[PDB]
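Remarks on the overall topology
So you can see what is in the structure, the chains are spelled out below.
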Amino acid sequence: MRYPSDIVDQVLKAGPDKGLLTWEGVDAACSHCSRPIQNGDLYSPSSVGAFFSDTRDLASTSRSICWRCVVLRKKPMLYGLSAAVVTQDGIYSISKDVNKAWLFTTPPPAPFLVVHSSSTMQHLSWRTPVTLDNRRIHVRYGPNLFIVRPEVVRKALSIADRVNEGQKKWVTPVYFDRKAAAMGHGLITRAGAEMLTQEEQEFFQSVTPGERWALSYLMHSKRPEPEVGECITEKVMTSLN
Amino acid sequence: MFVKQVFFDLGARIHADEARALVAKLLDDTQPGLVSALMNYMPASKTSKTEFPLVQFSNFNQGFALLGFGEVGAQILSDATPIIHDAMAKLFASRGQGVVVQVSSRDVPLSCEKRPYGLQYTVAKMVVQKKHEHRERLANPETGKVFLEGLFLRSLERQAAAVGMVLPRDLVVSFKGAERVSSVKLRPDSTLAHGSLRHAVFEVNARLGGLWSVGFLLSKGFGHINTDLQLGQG
Amino acid sequence: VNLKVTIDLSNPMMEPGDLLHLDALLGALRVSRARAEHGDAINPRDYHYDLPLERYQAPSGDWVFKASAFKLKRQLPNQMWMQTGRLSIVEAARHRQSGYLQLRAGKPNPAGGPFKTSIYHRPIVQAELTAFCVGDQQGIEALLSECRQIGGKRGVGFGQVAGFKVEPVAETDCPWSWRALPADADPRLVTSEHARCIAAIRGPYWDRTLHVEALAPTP
Amino acid sequence: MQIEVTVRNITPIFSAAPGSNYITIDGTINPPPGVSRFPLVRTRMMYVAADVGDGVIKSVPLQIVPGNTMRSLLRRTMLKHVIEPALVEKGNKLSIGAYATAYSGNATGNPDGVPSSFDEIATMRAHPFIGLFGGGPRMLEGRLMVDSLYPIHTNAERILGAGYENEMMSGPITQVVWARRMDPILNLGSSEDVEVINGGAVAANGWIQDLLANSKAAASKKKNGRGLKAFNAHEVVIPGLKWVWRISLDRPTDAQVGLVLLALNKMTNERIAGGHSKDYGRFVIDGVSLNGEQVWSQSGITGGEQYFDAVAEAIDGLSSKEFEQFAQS
Amino acid sequence: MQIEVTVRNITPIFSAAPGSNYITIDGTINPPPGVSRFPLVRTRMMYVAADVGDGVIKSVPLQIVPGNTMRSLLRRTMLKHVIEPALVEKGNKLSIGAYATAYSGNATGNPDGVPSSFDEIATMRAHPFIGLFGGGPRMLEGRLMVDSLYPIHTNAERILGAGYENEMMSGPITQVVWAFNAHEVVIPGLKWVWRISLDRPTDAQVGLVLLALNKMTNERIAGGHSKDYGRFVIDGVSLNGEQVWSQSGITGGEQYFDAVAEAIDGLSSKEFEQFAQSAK
DNA sequence: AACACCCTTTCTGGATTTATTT
DNA sequence: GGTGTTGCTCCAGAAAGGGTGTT
RNA sequence: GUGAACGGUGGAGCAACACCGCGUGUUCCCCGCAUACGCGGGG
Ligand SMILES: [Zn+2]
C-alpha cells in the first residue's frame, strides 16, 4: 500500500517469527524497506551473508531489519516472485507475453508492485517502489528500475500496426532486445527508415528504457492479445508455509 | 545430384580391383547385407545388378577410395565407413607393429551445361572392348570412331539418368585419339582379357562439373576421373 | 530573474534513470566549493540548500526550489554500454600460496562471493541539455563555471562538458514546473504530464528514507 | 592536476565486444542467410558526434579502449609494482575482505551497511591509495577520473580539442584476421613410430573410430559433443598509431600524485586489453604532460621532485591496519 | 623475458590467406573489368601505420607470418625434441587425452564451466611446460607471449624503428609464381625479427625456451613442404637486450641451462594426467 | 563452547532476434 | 574451361542444512 | 550532497591440403529387348 513490505501482512497473512528483538530507543529506518522502526517494533539484526551482492542497494546503515523484510528475504519468496504483479486482491503472473500485454496495456486500476527477474534468483521485492498511479508504472527488471507509460506503448504499437498495413509479412520498424543488452538496442532498421516519417522516428528515438524493454516483448511478428495472468496467491502462500 | 568420395589411407597403395576383392573377403563372414550393398549384388543372389553401379571403388595414392552416386550411394557409404575402417585396423593390427588408418570425405555436386564451343577432357584407363563385334569395330578407324562416339555419349546419358538429373540431348562429342592400348584382366591368372584405351581424349561442347564415369567396368575403378580438377587445371 | 540554462557536452553521457533537476547539480557544485573552502570534514547537508534560487511554498509547508529538470535534444542514435566486474584468481592463487593473502577456502565461486563475475549494461546518450529556473544569473554562472562533468559514472570519463550559457527570458517563456512537485502543489502548476508517485522532491534524490507522495513527470 | 599521456602501440590492440557477429570467406559481415558463415569477434567501438566543416555533426564510428579497463590497469600496476613489495617487506598480510576491497573495490567483506563519520571520511580520503580509489563497504568516492584511450583520428576531433592536426591518421584502422585449430591425433602418420601413447597404435584407432561413429550418428539423425577442428576470425586494431590518455586528480596531496607518477614510470611492462597469448597490447610511452609541462624524457620522468619525495616519505608507514579499518570498521 | 630473435630465410615463405583474389597474366591484380581473370593466392598480410609523403601517416601493407603458427611451431619443436624423448625414456607413457591436451590445448571441444582449485593453479603455473602454454578443460592462462614474424622493412619503422635505423630494406618483397595455380611468396634472402616475452618465469621455463630455440633451425615455417618452401637459419639471438648467440649455439645464460637440465631430469607424467583430466 | 567458516543440494517459467568498424 | 573442410565452446544464484574449527 | 557514490570482457586454439603420372593381352559366366537374324550390359 505504501511500502513494498506491506504485502507481507496485507496481501498474504503472515506473522512475526517471535524470535526477534523489540526495538528500544529512538527510531531508525529499515535497511531493506526504508520503513521506520519505532519503539516496541519487532526487528532482527542484519546478518546478510558474504554472498549478498546488493550492498549498493541498501537504503540505510542502521543494520536493522523489520519483521516483514525477514519474510520477504526467504527463499520461497525469492523464487516464487520471479515474475509477478502484486495487488491488494492477490498475486498474478506476468511471465507470458500475453500477460505482459495485459499489464503494460490496460493495467489493473489499483496500487501494485511489479517485479521481474533477470537471472536464476535475485532480491527484487524490497528495493522497488510501489506504484500509486496507473499511468506511471515502476517495474524492476534485475538490476534495473524502469518506468513505463501505457499511453506511449499504445501509441508505438498503433504506429507499428499502421506501417505494417498492406504487407503480407510483418517487418519491425525498430529492434528491441528482450534482455536489453545489445549495442543496437533501440535502433532504426533499414526497413523502418523508409516507412517512418521524421517525427515518428524522433518519437521512437525519445523513449524511456522501460518502454523499450516492454516493446521488446510486445512488438514481434505475432502480436499477443491481452489476457489476465494466472493467480498464484495460494501457491506462494502454501510454499511459504 | 551429388557424389560422395571417401578416402582410406593404410600407409600403402592397393589397386581398386584388388581392394574390392579384399573388402569382399574380409567382410564375407559377417554382415552380408552391407557387403551386398557395397558390391551392388542382387537382393537374393550373389550375381551383381546389371544397372548403373552406384557404389564403385576408385584409386587413391595411399590406399583405395569409395565413390557413392546419388542419395542412396551416399547413404551406403555413410553407413559403411566405420565398419570398413574397423576391419582395416583389425587386419593391419594382427600382423606387424600396426598402422594408423585415416579417412577423408567430400561431397562433390554434379552438373552439366551446354556451351557453343568444344571442350577437352582426357580419360585414363578406360575399357572399350567386351565382345568380338567391338573388336571388329576397333579394326577400322571409321567404324571405330562412331563406336567410341556413341559409347561416350551413352555413358554420359546413363550416369545422368542414374544420378537423377536431366541432361541436354543435343550434345556432340568427338574422339581425338589414345596414347596407348592395353588389356584388362577380370581375375588374376585368367587367360581372358578385355581391350582398353589409355589416356584417351574426348571433346564435348558441354561442360561437366563433377565426377563422371564412362565406358565399361565402372565398379572396378576404370574410366572415371574428376572434371573439376581437369576444368581449369591448376 | 527568469532565465534559461543550456549545456554543451563533447562526450556521450550516461542517460539518467530519473529526472535530473538543476537544483541538485547546483547543490553538488555548492558542496564542492564548501569542501574546497572549509575542508573535507564538513556536513554536506549544511550547505546544499544555500543556492541562488527562489523557493515555491506550497500550503502546509513542503517547499520546493524554482528549478526544473533537464531536457535532452538528442544528436545521436541510442546505444548501450557494457561493463564487467571480475577479480583475478591467478594472482589470488599466487598470493595465497605466498602467505600474503589469508584465505582458507579451497576454490573460487564465480556465481557469488568475493570472486563473483558480473556483467551489466547501461544506455548512453549525446544531447543538448536545457532547463529553466528563477534566480540571479551572476550567482548561477560561477557555480556552473566550476562544473566539468554531468551525469553518472563520472569516474570513467562520461559526460565531459564543452560550454554553457545562461540568458534571461520572459515570464511566460520559462516553464519551471516540469519537476517533482508536492501533492498539495497549486493545480495551476500541475500539468497532464504529472502523475502520482512516491519520489523525492528535494535534497539528495537518491535517499529512499526521504521519499514522499508527489506528482512527477516521466523523463 | 591534469595528466595527459601519449602512447604508441607496437602490437595490435584487441578489446572484445559482446554480440553474435558472423563473417564469410569474403569480407562481407553479417550476410543474409544462405551463405557459408563463420563466427567473428570484433573490437570495441562507440558512436560519437564529429563535427566536420559542413557542420552536419553526423555520427561516426570510433575504436576505443574502455575507461574501466584503463582504470583497472592503473590500479593493478600500482598494487603490484609499489604497494605489494612495500607491504611484503614489513611482513604484512591481508584478510580476504581487505584484499577484495583493495584489489577490486568489493563490499563482500562487510556486506551490511557500514556508517562512517565526517572525520573518518576525511581521514580515509587523505590516504594515498584509499583516497585514489574508493569503494568497499563504505562506498567512498575516490579522487581519480580515468578517461578512455582515444586514437589520434579525424573521427575524434570532438573529444580532442586542438593541437593534434599534425600526425593525424584517417581511414580504417582495423583488420580481420583468421585462426584455426587442428586435431593432433589425426596428424599421426601411418609411419607412426610414436610410443608415448599408452595404447600405441590401438588408442589412436579408437579415437578415430569414435570420431567416425559420432559423425555417422549425426549424419543419420540429420536426415552437443564437439571435436577439435575449428575455423573462426576476430578483428583487431592495426599497430603503429598513437593514442591520447587523460587522467585527472581532484585536489590531490603530493603523495597521491607521486604514486600516480610511480605507476606511470613502472608501466610499459604491462599490456592493454586482451589477447594475452598473442602478445597483443604492447605499447611505448613517447610523452607525458604535467599540467601542460613536458616532464617525460628517454629514461623515466624528470621533474616533480616534491611529488616523488612526498611519495617516498609516504611509502614508509604503509601498514595493513589501515586496509583492515577501511575494509571492516 | 623479452627475448628478441633475428632470422633469415633461404627459400620462399608462403602463408596462404583465406579469401578470393584474381590476377591477369601477372599484369594486374583484381582489375575492374572481368577480362582475362585468373585465380591467385596471396601470402598473409598486415596493415601498419607508416610515414609516407614526409609528414603524413598512412596504412601500408606488410607481409608477415602469423604469430599463431609460430607459437604452434615452438610448441611442437619443444615437445618433440626435448619433452618427448625424456618422457618416453624410463617409461612414463601418456594417455591419449593427455597427448591431445599437450599438442592442441584442450582435449575436447566443450569446456566445463566449473572453476579450478587454487592449489591446482599454483602447481600448474609452476610446471616447466604446462605453465608456459596454458589451456586445459578449465582454460588456464599461460605465461608465454608469442608475436608474429616481421621483416625488417622501412614500412615497419613505427614498430621497430629505434632498434634498426640502418640495415632496413625497401621495395617489394613478393614474387608471383605460376606453379596454373598461381600464388605469391616472399623472396628468399631476407631478414626477419621475432619477439617473444614471458611474465614472471622460473629459470627452468627460460632454459626450456632456449633449448627449443637451439633445435628449431631444422624445422620449417609455414609454406608448402612439397615445394620445399620455408627453410630458415637462426642468428643474432638477444636475451633481455644482451647478445647470447654464437655460431655454435647460445653459449650464454648458464643458470637457465642448469635449471632446465634439473627440471627435465625429474619430469613425470602425473602432472599431464592431472591437467588433462576434466572434472565435468 | 558458541559462533565463524567451508561444502553440497535445490528451486523457480517463456520463447524472438538488426546490422554506419579494411 | 575448379572445388571441398571448418561454419565455437563456457558464464556472470543466493538460501539452507550439516560438518568442522579457533578460542 | 549530478537516483549519485563502488565494478577488467576475459582466458585456450598451425589455412594448406586433398582430388592428376604409375600392373594386366582374348572368348568365359550371367540380365533384358526380342523372340533368336541379333542388339544392347553386369562381372
Ligand atoms: Zn523493511
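Thresholds, definitions, all that
Residues numbered from 1 in each chain as written, not as in the entry; some residues may be left out. Chains lettered and ligands numbered in written order. Heavy atoms only, no water. Near = heavy atom within 4 Å. Polar contact = N/O pair within 3.5 Å; in protein donor to acceptor, adjacent residues only side chain to side chain. Nonpolar A, V, L, I, M, F, W, Y, C, P; charged D, E, K, R; others polar. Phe/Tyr/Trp six-rings, centres within 6.5 Å; stacked < 30°, edge-to-face > 60°. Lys NZ or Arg CZ within 6 Å of the ring centre and 35° of its normal. Patch = residues over 30% accessible without salt bridge, like charges linked within 9 Å, V, L, I, M, F, W, Y side chains within 5 Å. Areas by Shrake-Rupley, 256 points an atom, 1.4 Å probe, with all protein chains shown as cover. Salt bridge = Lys/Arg side-chain N within 4 Å of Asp/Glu carboxyl O. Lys, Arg positive; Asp, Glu negative; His and termini not counted. Charge placed at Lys NZ, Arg CZ, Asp CG, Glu CD. Helix = DSSP H or I, 4+ residues; strand = E, 2+ residues; numbered from the N terminus. Contact = heavy atoms within 4.5 Å. Buried area = accessible area lost by both parts, 1.4 Å probe. Pairing = 2+ DSSP bridges. Donors = N, O, S within 2.8 Å, 3.2 Å for Na, K, Ca; no water. Buried < 20%, exposed > 50% of the residue type's maximum accessible area, 1.4 Å probe, protein only. Core = buried A, V, L, I, M, F, W, Y, C linked by side-chain atoms within 4.5 Å. Disulfide = S-S within 2.5 Å. Expected span 1.5 Å × (residues − 1).

Per the deposited record, cryo-EM is how this structure was determined, to a resolution of 3.0 Å.

What to know about the protein's contact with RNA strand H
For RNA strand H, the set of nearby residues contains 123 residues, the closest of which are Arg158 and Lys185 of chain B, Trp206 of chain C, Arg180 of chain D together with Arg71 of chain E. Sugar and phosphate atoms constitute 49% of the interface atoms of RNA strand H, taking the interface as everything within 4 Å of the protein. In the environment of RNA strand H, a base oxygen lies 3.2 Å from a nitrogen or oxygen atom belonging to the backbone of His132 of chain B. The residue inventory of the surface near RNA strand H, partitioned by class, reads 41 nonpolar, 48 polar and 34 charged.

Brief notes about the packing of aromatic side chains
Summed over the entire model, instances satisfying the criterion amount to 29 aromatic pairs over all chains. Between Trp63 of chain C and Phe65 of chain C, the aromatic rings sit 5.1 Å apart at their centres with planes inclined by 80°, giving edge-to-face as the arrangement. For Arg55 of chain C, the ring lying beneath its charged end belongs to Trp63 of chain C, and the centroid distance is 4.3 Å. Directly above the ring of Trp81 of chain C sits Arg44 of chain D, whose terminal nitrogen or CZ lies 4.1 Å from the centroid.

Examining a negative patch on the surface
A surface patch of negative charge is lined by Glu305, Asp309, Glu313 and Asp316 of chain D. Tracing the chain through its elements places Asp316 of chain D in the loop between α7 (305-315) and α8 (320-327).

Brief notes about the interface of chain C and chain D
Counting residues at the interface gives 40 residues for chain C, matched by 42 residues for chain D. Contact with chain D buries surface across chain C, with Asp40, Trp81 and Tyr100 of chain C losing the most and accounting together for 21% of the total. Inspection of the chain C/chain D interface yields three salt bridges. Residues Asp40 of chain C and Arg251 of chain D are paired through a salt bridge, measuring 3.6 Å at the closest nitrogen-oxygen approach.

Structural notes on the sheet that holds strand β9 (residues 182-186) of chain E
All names here are of chain E. Strand order in this open sheet of five strands is β3-β2-β4-β9-β8, and the pairing throughout is mixed. Strand pairing shows two members of the sheet lacking a second neighbour, β3 (28-29) and β8 (174-177), which therefore form its edges. As judged from the four bridges shared by β8 and β9, these two strands associate in the antiparallel manner. In the sheet register, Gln175 faces β9, and the bridge partner there is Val185.

A look at the coordination of the zinc ion
All names here are of chain A. Taken together, the protein donors to the zinc ion comprise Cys30 (SG), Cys66 (SG) and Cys69 (SG), at separations of 2.4 to 2.6 Å. Within one chain, the residues serving as donors to the zinc ion are arranged as C-x35-C-x2-C. Exposure remark for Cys69: the relative accessible area of 0% places this residue in the buried category.

Here's the deal with the nonpolar core
Residues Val5, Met78 and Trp245 of chain D are the most contacted members of the largest nonpolar core, which totals 75 residues. Considering each element in turn, this core owes the most residues, eight residues, to helix α1 (residues 67-89) of chain D. For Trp245 of chain D, the contacting residues outside a window of four places in its chain are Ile3, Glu4, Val5, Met70, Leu74, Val146, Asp147, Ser148, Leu149 and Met267 of chain D. Core analysis: the second largest hydrophobic core is formed by 66 residues, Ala204 of chain D together with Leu73, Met78 and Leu144 of chain E among them.

A few points about the state of the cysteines
Scanning the entire structure with this criterion turns up zero disulfides over all chains. This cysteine, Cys33 of chain A, is not joined by any disulfide, and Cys69 of chain A carries the nearest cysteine sulfur, 4.8 Å off. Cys197 of chain C carries a free sulfur, and the closest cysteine sulfur to it, the one in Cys33 of chain A, is 17 Å from it.

A few points about the pattern of salt bridges
Residues and elements named next belong to chain E. Within the structure shown, the criterion is met by 44 salt bridges over all chains. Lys191 is paired through a salt bridge with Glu167; the nearest N and O atoms lie 3.7 Å apart. Under the relative-accessibility criterion, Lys191 is labelled partly exposed at 29%. Judged by its relative accessible area of 49%, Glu167 falls in the partly exposed class.

Some thoughts on the arrangement of the chains
Out of seven pairs of chains that touch, the pair holding the most contacts is chains D and E. Contact between chain B and chain C is absent, and the least distance between their C-alpha atoms amounts to 40 Å. With no contact formed, the shortest span from any C-alpha in chain A to any C-alpha in chain E equals 16 Å.

Considering the environment of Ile285 of chain D
All names here are of chain D. Following the sequence through the fold, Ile285 ends up in strand β12 (residues 283-290). Residue class for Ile285 comes out buried when judged on its relative accessible area of 12%. In the structure, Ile285 is positioned 43 residues away from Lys242 in sequence and 9.6 Å away in space, judged by C-alpha atoms. Discounting residues that sit within four places of it in the chain, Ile285 has contacts with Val5, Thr6, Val7, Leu264, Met267, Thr268 and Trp296.

Considerations on the pairing of strand β4 (residues 42-45) of chain A
All names here are of chain A. Both strand β1 (residues 21-22) and β4 contribute to a ladder of two bridges, which runs antiparallel. When the bridges of β4 are listed, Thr22 appears paired with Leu42. Here β4 runs beside strand β5 (residues 64-66); their pairing, made up of three bridges, is antiparallel. Bridge pairing in β5 links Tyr43 to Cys66.

Quick look at the interface of chain E and chain D
Each side of the interface is counted separately: chain E has 43 residues, and chain D has 42 residues. Summing the contributions of chain E and of chain D, the shared interface buries around 3,700 Å²; its carbon and sulfur component is 57%. Together, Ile96, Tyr99 and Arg158 of chain E form the three largest contributors to the area buried by chain E at its contact with chain D, with a combined 16%. Counting the contacts that link chain E with chain D gives zero salt bridges. At the junction of chain E and chain D, the tally comes to 15 residue pairs in polar contact. Put simply, the parts of the chain that give the side of chain E that touches chain D at least two residues each are β5 (48-52), β6 (56-60), α1 (67-88), α2 (96-104), β7 (144-151), α4 (157-160) and β10 (191-198) of chain E. Considering every element that reaches the side of chain E that touches chain D, the biggest residue donor is α2 of chain E, with five residues. Here the residues of the side of chain E that touches chain D sort into 18 nonpolar, 13 polar and twelve charged.

Considerations on helix α5 (residues 201-222) of chain D
Taking 1.5 Å as the rise per residue, α5 of chain D with 22 residues should run 32 Å; its terminal C-alpha atoms sit 32 Å apart, in good agreement. Residues of α5 of chain D that are buried: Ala201, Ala204, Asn205, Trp207, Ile208, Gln209 and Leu212 of chain D. Looking at the buried side of α5 of chain D, the elements it contacts are α3 (70-94) and β4 (102-109) of chain B together with α2 of chain E.

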